[PDB]
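Peer 1: Structure provided below as structure tokens; questions to follow.
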Amino acid sequence: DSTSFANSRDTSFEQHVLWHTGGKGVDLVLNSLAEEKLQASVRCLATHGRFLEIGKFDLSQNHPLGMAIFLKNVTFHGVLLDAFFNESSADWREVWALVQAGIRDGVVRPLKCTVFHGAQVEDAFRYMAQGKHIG
Amino acid sequence: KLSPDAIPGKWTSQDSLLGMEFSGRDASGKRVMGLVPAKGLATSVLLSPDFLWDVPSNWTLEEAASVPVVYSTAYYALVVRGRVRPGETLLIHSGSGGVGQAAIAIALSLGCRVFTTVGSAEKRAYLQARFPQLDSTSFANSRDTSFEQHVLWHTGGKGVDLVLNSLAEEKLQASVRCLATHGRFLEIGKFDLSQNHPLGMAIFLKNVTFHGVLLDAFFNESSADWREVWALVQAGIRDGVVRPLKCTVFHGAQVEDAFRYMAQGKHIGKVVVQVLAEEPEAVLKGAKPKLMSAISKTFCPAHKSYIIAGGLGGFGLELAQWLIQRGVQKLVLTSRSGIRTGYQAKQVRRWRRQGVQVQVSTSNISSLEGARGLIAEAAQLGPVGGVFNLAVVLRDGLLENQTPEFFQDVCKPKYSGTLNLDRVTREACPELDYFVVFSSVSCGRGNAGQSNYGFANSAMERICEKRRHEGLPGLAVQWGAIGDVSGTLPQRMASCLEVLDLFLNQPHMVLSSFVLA
Amino acid sequence: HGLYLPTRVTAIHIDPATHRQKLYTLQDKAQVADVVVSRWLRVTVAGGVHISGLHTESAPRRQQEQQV
Ligand SMILES: NC(=O)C1=CN([C@@H]2O[C@H](COP(=O)(O)OP(=O)(O)OC[C@H]3O[C@@H](n4cnc5c(N)ncnc54)[C@H](OP(=O)(O)O)[C@@H]3O)[C@@H](O)[C@H]2O)C=CC1
Ligand SMILES: NC(=O)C1=CN([C@@H]2O[C@H](COP(=O)(O)OP(=O)(O)OC[C@H]3O[C@@H](n4cnc5c(N)ncnc54)[C@H](OP(=O)(O)O)[C@@H]3O)[C@@H](O)[C@H]2O)C=CC1
């Protein structure tokens with residue numbers, strides 16, 4: 001809907017989510033942003049919420065995280081799919097199975113693809129770097 | 001050290017939040033052990049059936065008093081949240097304590113390896129004797145941060161998969177470093193969380209998961225989730241995993257001794273208060289508690305209705321709120337003007353939000369028809385429980401300044417109103433048990449320029465004295481002054497209400513209160 | 001109920017220019033600023049001051065030499 005989109009280039013999404021959820025917040029926060037945008041995401045969590053951190057900037061820098069957010073039942077996760085590729089093979093099958101089920105059930109739909117030829121690989125790298133791509 | 005407001009949930013200002021678990025016979029006599037958010041340390045507890053377990057025949061009501069909280073929190077921390085699996089490695093701080101013992105008992109049943117930290121040598125020996133599977137290499141020191149080296153060394157530098165932490169800030173930071181890849185940190189303490197101490201996020205470069213485990217959430221919501229933990233604990237009981245901890249019994253009269261002994265900190269297991277001795281019978285038809293002698297306090301039935309005359313005044317609203325904290329649920333406030341002020345509307349809306357059936361009468365008490373109407377409309381909500389007369393109109397001045405009309409006006413609400421309330425209550429209020437009339441110090445003690453006020457208050461006192469002689473209820477209270485809302489400092493409202501409770505409990509017909517300059 | 005006092009404030013923004021601009025005068029010569037408190041967003045905006053994430057922790061509210 002029109003009430004489900006926010007702005008990712010500033011911390012305005014915090015007020016949007018807090019208002020449209022009635023001040024309760026959300027349950028899952030699949031966070032990929034960093035620095036202050038990460039702290040704002042934490043404030044959106046509701047009791048028994050779960051924070052999934054897939055961005056490795058604040059994790060690498062070891063930036064502090066106030067633990068007061070854990071008084072509310074909250075589970076702060078660290079998600080790194082790298083482990084499964086070179087480690088955790090038994091766990092890989094559980095993730096692999098849900099992907100096969102999604103493929104056969106129609107949930108998994110391919111994303112839009114901007115194809116570059118092999119000889120123009122560096123052009124693909126530049127196009128990715130600009131960040132204008134969608135998909 | 002812990003403020004009562006820190007306990008989640010809606011709690012009355014005057015109440016006790018001591019005790020979370022108990023064991024005793026149900027209304028049908030069936031032995032049961034329960035878990036309550038608070039007020040569990042009493043001769044009776046009002047609880048929902050979803051928080052009760054049936055005590056096994058081979059257990060004792062003394063032993064079952066310790067199972068609920070520790071085992072429920074251990075199961076919630078490990079199985080529901082941490083999702084412990086057989087063969088893993090754990091670090092369970094403060095093994096001697098109840099939660100530590102429960103967590104160890106759960107872990108060993110699965111088949112994991114356990115590292116536990118114990119403060120002293122006697123606790124280490126006790127744990128070694130209680131859990132034979134546990135090994136001397138499973139122990140460490142909790143008061144010092146030397147367990148980090150021990151856990152890292154014995155685990156070969158990998159760390160412990162699952163951590164159950166209840167230690168202070170520096171011990172918490174030490175514990176985090178023990179986590180292995182895909183580790184899981186279960187935090188059950190509060191000090192670090194409440195203080196908002198920072199946590200370096202670099203630990204999440206591994207797949208570590210940080211859990212904030214509070215069990216108070218189940219009592220407030222998520223009952224559908226709570227039944228999972230209930231089933232887990234019942235399965236543990238029937239399978240043999242759940243064992244009742246060691247208990248030290250302090251009789252009911254020695255509760256303070258139990259508190260002191262637990263505070264000292266040398267206890268192992270759980271400390272229990274034997275409120276009542278178990279009967280030999282398995283199921284008893286009448287499980288009524290034995291009569292106990294306790295300090296008297298004032299509470300009101302919900303089905304009864306309570307009336308206040310001039311209840312919208314400065315003291316009226318505070319008295320009404322004090323009553324509601326005692327559970328009135330049906331209130332009638334009389335005032336000729338009606339709701340004319342913002343504060344009155346704010347308080348009335350606040351009360352009506354809670355469900356109270358507040359009512360505004362605007363029906364005089366001076367007129368006998370008015371008293372009858374006020375009593376009748378309060379009877380519709382429910383049987384009249386009590387009537388309080390806090391209606392005053394004051395006309396100050398020396399005797400030469402006073403005229404008969406001023407005396408009539410001053411005496412009309414307190415003098416005539418009291419007479420009409422008395423007449424109507426004796427005619428058609430058999431269930432009434434409170435009849436309070438707020439007199440003043442100026443009457444009796446004496447004051448300048450308030451002859452009419454003294455006359456009215458003295459007449460009210462005479463009426464209240466006459467009512468008691470007949471066996472009916474009647475109380476007259478004399479206040480020096482009220483500060484928050486004759487040589488005496490104004491009295492703060494909290495002290496005023498405490499004194500009012502004390503006076504309500506006592507048998508004397510007329511009482512007074514004031515603060516000397 | 002009770003006596004709650006501030007313990008933590010996530011962020012406070014103060015801008016004297018917008019404060020001078022926001023102020024307006026009443027019938028009296030006294031000057032006032034309109035305030036708004038939003039408990040959903042945990043923000044308190046008044047004049048040219050903006051307080052968000054105020055945390056208040058229960059004080060003991062115990063005083064000695066209470067009236068006897
Ligand atoms: N979800 C929640 O909010 C819940 C939280 N908890 C928390 O669990 C923690 C452990 O409780 P539990 O083990 O049953 O407590 P016990 O009092 O039964 O045991 C305390 C243990 O920790 C040490 N300890 C704790 N407090 C003191 C003290 N004041 N003086 C000396 N030693 C002390 C003791 O010595 P040592 O460690 O040195 O051997 C002992 O091992 C508590 O902090 C409690 O708040 C419990 C249940 C619910
Ligand atoms: N400092 C103090 O106030 C002291 C208190 N007291 C006692 O405390 C009691 C209450 O004092 P307080 O509430 O502060 O004083 P108020 O001046 O507020 O009492 C008058 C109140 O009663 C209402 N009232 C007047 N006539 C009637 C009537 N016939 N029926 C119903 N309501 C009526 C008035 O509203 P309206 O005018 O619209 O009818 C007003 O709300 C009095 O009985 C007084 O003797 C005594 C000593 C010290």
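By order of appearance in the structure tokens: chains A, B, ..., then residues from 1 within every chain, and ligands from 1 in the order shown.
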Taking the backbone alone, and naming residues the way the document does, which bits of range 263-448 of chain B are alpha helix (DSSP H) by DSSP, as a PyMOL selection string?

Peer 2: chain B and resi 263-264+314-325+342-353+368-381+404-411+417-428+442-445

Peer 1: Could you work out which residues of chain C fall inside 9 Å of chain A? Count only C-alpha atoms, and format the result as a VMD selection string.

Peer 2: chain C and resid 39 to 42

Peer 1: Can I get the selected residues back with C-alpha atoms, as a PDB file, in the first residue's frame?

Peer 2:
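New file again_33.pdb:
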ATOM      1  CA  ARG C  39       3.913   9.145  23.221  1.00  0.00           C
ATOM      2  CA  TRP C  40       3.811   6.961  20.094  1.00  0.00           C
ATOM      3  CA  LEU C  41       6.915   8.552  18.557  1.00  0.00           C
ATOM      4  CA  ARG C  42       8.557   9.360  21.921  1.00  0.00           C
TER       5      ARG C  42
END

Peer 1: Select from range 110-222 of chain B everything DSSP, run on the backbone, classes as strand (DSSP E), then give the selection as an MDAnalysis selection string.

Peer 2: chainID B and resid 113:117 139:140 160:165 179:187 198:200 209:212

Peer 1: Please extract the residues at most 8 Å from ligand 1, counting only C-alpha atoms and all ligand atoms, and provide them as JSON, numbers by chain, using the chain letters and residue numbers of this document.

Peer 2: {"B": [69, 70, 73, 93, 94, 95, 96, 97, 98, 99, 100, 117, 118, 119, 120, 123, 142, 143, 166, 167, 188, 189, 190, 213, 214, 215, 216, 262, 263, 264, 265, 266, 267, 268, 269, 270]}

Peer 1: With C-alpha atoms retained, write the just-selected residues as an mmCIF file, in the first residue's frame.

Peer 2:
data_model
loop_
_atom_site.group_PDB
_atom_site.id
_atom_site.type_symbol
_atom_site.label_atom_id
_atom_site.label_comp_id
_atom_site.auth_asym_id
_atom_site.auth_seq_id
_atom_site.Cartn_x
_atom_site.Cartn_y
_atom_site.Cartn_z
ATOM 1 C CA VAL B 69 9.758 -20.786 38.644
ATOM 2 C CA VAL B 70 13.251 -22.218 38.216
ATOM 3 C CA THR B 73 12.536 -20.239 33.298
ATOM 4 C CA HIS B 93 26.608 -19.476 35.493
ATOM 5 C CA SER B 94 25.863 -19.831 39.208
ATOM 6 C CA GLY B 95 25.146 -23.541 39.115
ATOM 7 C CA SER B 96 24.273 -23.713 42.805
ATOM 8 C CA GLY B 97 21.331 -21.330 42.480
ATOM 9 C CA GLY B 98 17.913 -22.608 41.550
ATOM 10 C CA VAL B 99 17.972 -21.539 37.909
ATOM 11 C CA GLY B 100 21.441 -23.017 37.492
ATOM 12 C CA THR B 117 30.548 -21.608 37.837
ATOM 13 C CA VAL B 118 30.192 -21.910 41.616
ATOM 14 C CA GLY B 119 31.243 -19.305 44.152
ATOM 15 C CA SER B 120 32.556 -21.553 46.929
ATOM 16 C CA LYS B 123 28.610 -25.497 46.463
ATOM 17 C CA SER B 142 31.993 -17.301 39.278
ATOM 18 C CA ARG B 143 33.040 -14.403 41.515
ATOM 19 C CA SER B 166 23.103 -13.982 35.067
ATOM 20 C CA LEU B 167 26.289 -12.191 36.172
ATOM 21 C CA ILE B 188 18.463 -13.571 32.369
ATOM 22 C CA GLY B 189 20.003 -10.833 34.524
ATOM 23 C CA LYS B 190 18.784 -7.243 34.619
ATOM 24 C CA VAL B 213 14.935 -13.606 28.338
ATOM 25 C CA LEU B 214 12.223 -12.193 30.597
ATOM 26 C CA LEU B 215 9.601 -14.591 31.940
ATOM 27 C CA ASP B 216 7.313 -11.796 33.166
ATOM 28 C CA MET B 262 18.267 -15.561 52.168
ATOM 29 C CA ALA B 263 19.781 -12.068 52.234
ATOM 30 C CA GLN B 264 22.886 -13.384 54.007
ATOM 31 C CA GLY B 265 23.614 -15.390 50.861
ATOM 32 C CA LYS B 266 24.774 -18.765 52.213
ATOM 33 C CA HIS B 267 21.665 -20.640 51.045
ATOM 34 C CA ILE B 268 21.653 -23.486 48.525
ATOM 35 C CA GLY B 269 18.537 -24.517 46.625
ATOM 36 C CA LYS B 270 15.371 -22.604 47.497
#

Peer 1: What do you get as a list in words if you pick all residues at most 6 Å from ligand 2, counting only C-alpha atoms and all ligand atoms?

Peer 2: residues 309, 310, 312, 313, 314, 315, 316, 334, 335, 336, 337, 364, 365, 366, 390, 391, 392, 393, 413, 438, 439, 440, 479, 481 and 482 of chain B

Peer 1: Show which residues sit within 10 Å of range 59-68 of chain C, as a list in words. Count only C-alpha atoms, and ignore same-chain residues fewer than 2 positions away.

Peer 2: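 Residues near the query, excluding close chain neighbours: residues 1, 2, 3, 4, 5, 489, 490, 491, 492, 495, 514, 515 and 516 of chain B; 2, 3, 4, 5, 6, 56 and 57 of chain C.
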
Peer 1: Take the residues that were just selected and, keeping C-alpha atoms, output them as an mmCIF file, in the first residue's frame.

Peer 2:
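Saved result, selection_0.cif, follows:
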data_model
loop_
_atom_site.group_PDB
_atom_site.id
_atom_site.type_symbol
_atom_site.label_atom_id
_atom_site.label_comp_id
_atom_site.auth_asym_id
_atom_site.auth_seq_id
_atom_site.Cartn_x
_atom_site.Cartn_y
_atom_site.Cartn_z
ATOM 1 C CA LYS B 1 16.785 -2.024 45.909
ATOM 2 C CA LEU B 2 14.060 -2.813 43.341
ATOM 3 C CA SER B 3 11.176 -0.399 42.888
ATOM 4 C CA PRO B 4 7.696 -1.988 42.834
ATOM 5 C CA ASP B 5 6.925 -0.087 39.624
ATOM 6 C CA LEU B 489 0.633 22.705 59.699
ATOM 7 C CA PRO B 490 -1.260 21.438 56.639
ATOM 8 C CA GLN B 491 -1.244 17.652 56.396
ATOM 9 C CA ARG B 492 -0.014 15.925 53.251
ATOM 10 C CA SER B 495 -0.569 10.866 55.526
ATOM 11 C CA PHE B 514 -3.519 17.077 62.859
ATOM 12 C CA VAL B 515 0.141 18.102 62.746
ATOM 13 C CA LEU B 516 1.500 20.308 65.516
ATOM 14 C CA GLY C 2 5.256 7.780 41.897
ATOM 15 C CA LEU C 3 8.180 10.133 41.352
ATOM 16 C CA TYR C 4 9.941 9.460 38.037
ATOM 17 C CA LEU C 5 13.086 11.392 37.118
ATOM 18 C CA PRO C 6 15.080 11.516 33.859
ATOM 19 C CA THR C 56 12.489 8.163 33.306
ATOM 20 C CA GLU C 57 13.422 5.727 36.077
#

Peer 1: Set the distance at 8 Å and use only C-alpha atoms: which residues neighbour residue 289 in chain B once local chain neighbours fewer than 2 positions away are removed? I'd like the list as a VMD selection string.

Peer 2: chain B and resid 43 to 44 276 287 291

Peer 1: With C-alpha atoms retained, could you export that selection as a PDB file, in the first residue's frame?

Peer 2:
ATOM      1  CA  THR B  43      -2.360 -17.598  52.657  1.00  0.00           C
ATOM      2  CA  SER B  44      -4.444 -17.442  49.464  1.00  0.00           C
ATOM      3  CA  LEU B 276       0.304 -24.212  56.482  1.00  0.00           C
ATOM      4  CA  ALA B 287      -8.957 -26.820  51.964  1.00  0.00           C
ATOM      5  CA  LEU B 291      -7.379 -18.497  60.693  1.00  0.00           C
TER       6      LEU B 291
END

Peer 1: Would you give me, as a list in words, the residues of chain A that come within 9 Å of chain B, using only C-alpha atoms?

Peer 2: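 In the required form, that comes to residues 47, 48, 53, 56, 58, 59, 60, 61, 62, 63, 64, 65, 66, 67, 68, 69, 70, 71, 72, 73, 74, 75, 76, 77, 78, 79, 80 and 83 of chain A.
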
Peer 1: List the spatial neighbours of residue 474 in chain B as a list in words - criterion: any atom at most 7 Å away, only C-alpha atoms, same-chain residues fewer than 4 positions off excluded.

Peer 2: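 Selected residues are residues 434, 435, 436, 464, 467, 468 and 509 of chain B.
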
Peer 1: Considering only C-alpha atoms, state which residue in the set C:19, C:55, C:29, C:1 is at the smallest distance from residue 43 in chain C.

Peer 2: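 When distances to residue 43 in chain C are compared using only C-alpha atoms, the smallest one comes from C:55.
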
Peer 1: Just the number, please: distance in Å from CA of residue 292 in chain B to CA of residue 325 in chain B, one decimal.

Peer 2: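 Straight-line distance from CA of residue 292 in chain B to CA of residue 325 in chain B works out to 24.2 Å.
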
Peer 1: May I have the residues within 10 Å of residue 116 in chain B as an mmCIF file with N, CA and C atoms, in the first residue's frame, using only C-alpha atoms and disregarding those fewer than 4 positions away in the same chain?

Peer 2:
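Dumped to part39.cif:
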data_model
loop_
_atom_site.group_PDB
_atom_site.id
_atom_site.type_symbol
_atom_site.label_atom_id
_atom_site.label_comp_id
_atom_site.auth_asym_id
_atom_site.auth_seq_id
_atom_site.Cartn_x
_atom_site.Cartn_y
_atom_site.Cartn_z
ATOM 1 N N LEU B 90 27.507 -26.193 26.929
ATOM 2 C CA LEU B 90 26.832 -25.105 27.621
ATOM 3 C C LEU B 90 27.737 -24.500 28.684
ATOM 4 N N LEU B 91 27.454 -23.244 29.024
ATOM 5 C CA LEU B 91 28.063 -22.567 30.162
ATOM 6 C C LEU B 91 26.940 -21.990 31.007
ATOM 7 N N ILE B 92 26.740 -22.549 32.194
ATOM 8 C CA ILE B 92 25.612 -22.204 33.052
ATOM 9 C C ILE B 92 26.170 -21.540 34.300
ATOM 10 N N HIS B 93 26.065 -20.215 34.365
ATOM 11 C CA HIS B 93 26.608 -19.476 35.493
ATOM 12 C C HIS B 93 25.801 -19.741 36.757
ATOM 13 N N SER B 94 26.482 -19.661 37.896
ATOM 14 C CA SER B 94 25.863 -19.831 39.208
ATOM 15 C C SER B 94 25.068 -21.134 39.265
ATOM 16 N N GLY B 95 25.795 -22.242 39.136
ATOM 17 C CA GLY B 95 25.146 -23.541 39.115
ATOM 18 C C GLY B 95 24.385 -23.842 40.390
ATOM 19 N N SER B 96 24.900 -23.382 41.530
ATOM 20 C CA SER B 96 24.273 -23.713 42.805
ATOM 21 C C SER B 96 22.856 -23.162 42.888
ATOM 22 N N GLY B 100 20.309 -22.228 37.950
ATOM 23 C CA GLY B 100 21.441 -23.017 37.492
ATOM 24 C C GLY B 100 21.208 -24.508 37.641
ATOM 25 N N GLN B 101 20.651 -24.928 38.778
ATOM 26 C CA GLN B 101 20.362 -26.345 38.968
ATOM 27 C C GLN B 101 19.340 -26.835 37.954
ATOM 28 N N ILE B 104 21.068 -27.132 34.548
ATOM 29 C CA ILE B 104 21.951 -28.292 34.491
ATOM 30 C C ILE B 104 21.136 -29.570 34.366
ATOM 31 N N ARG B 124 30.463 -26.354 45.126
ATOM 32 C CA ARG B 124 31.074 -27.247 44.148
ATOM 33 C C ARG B 124 30.886 -28.702 44.552
ATOM 34 N N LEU B 127 27.160 -29.719 44.115
ATOM 35 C CA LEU B 127 26.827 -29.985 42.719
ATOM 36 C C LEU B 127 27.441 -31.296 42.250
ATOM 37 N N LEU B 134 28.233 -34.963 35.997
ATOM 38 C CA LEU B 134 29.075 -33.780 35.924
ATOM 39 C C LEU B 134 30.475 -34.094 36.447
ATOM 40 N N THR B 137 36.140 -31.244 35.730
ATOM 41 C CA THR B 137 36.539 -30.288 34.705
ATOM 42 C C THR B 137 35.386 -29.404 34.253
ATOM 43 N N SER B 138 34.172 -29.651 34.740
ATOM 44 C CA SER B 138 33.018 -28.832 34.407
ATOM 45 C C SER B 138 32.867 -27.617 35.311
ATOM 46 N N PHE B 139 33.676 -27.500 36.356
ATOM 47 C CA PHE B 139 33.521 -26.424 37.320
ATOM 48 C C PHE B 139 34.495 -25.286 37.038
ATOM 49 N N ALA B 140 34.190 -24.130 37.616
ATOM 50 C CA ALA B 140 35.024 -22.941 37.503
ATOM 51 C C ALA B 140 34.659 -22.014 38.655
ATOM 52 N N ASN B 141 35.132 -20.773 38.594
ATOM 53 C CA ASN B 141 34.868 -19.776 39.624
ATOM 54 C C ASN B 141 34.016 -18.659 39.041
ATOM 55 N N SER B 142 32.943 -18.303 39.747
ATOM 56 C CA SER B 142 31.993 -17.301 39.278
ATOM 57 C C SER B 142 32.327 -15.893 39.744
ATOM 58 N N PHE B 147 36.849 -17.885 34.797
ATOM 59 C CA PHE B 147 36.185 -18.957 34.067
ATOM 60 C C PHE B 147 36.384 -18.834 32.563
ATOM 61 N N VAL B 151 37.058 -22.150 30.420
ATOM 62 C CA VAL B 151 36.144 -22.590 29.370
ATOM 63 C C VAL B 151 36.844 -22.616 28.021
ATOM 64 N N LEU B 164 24.098 -19.392 29.375
ATOM 65 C CA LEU B 164 23.028 -18.902 30.239
ATOM 66 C C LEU B 164 23.677 -17.991 31.273
#
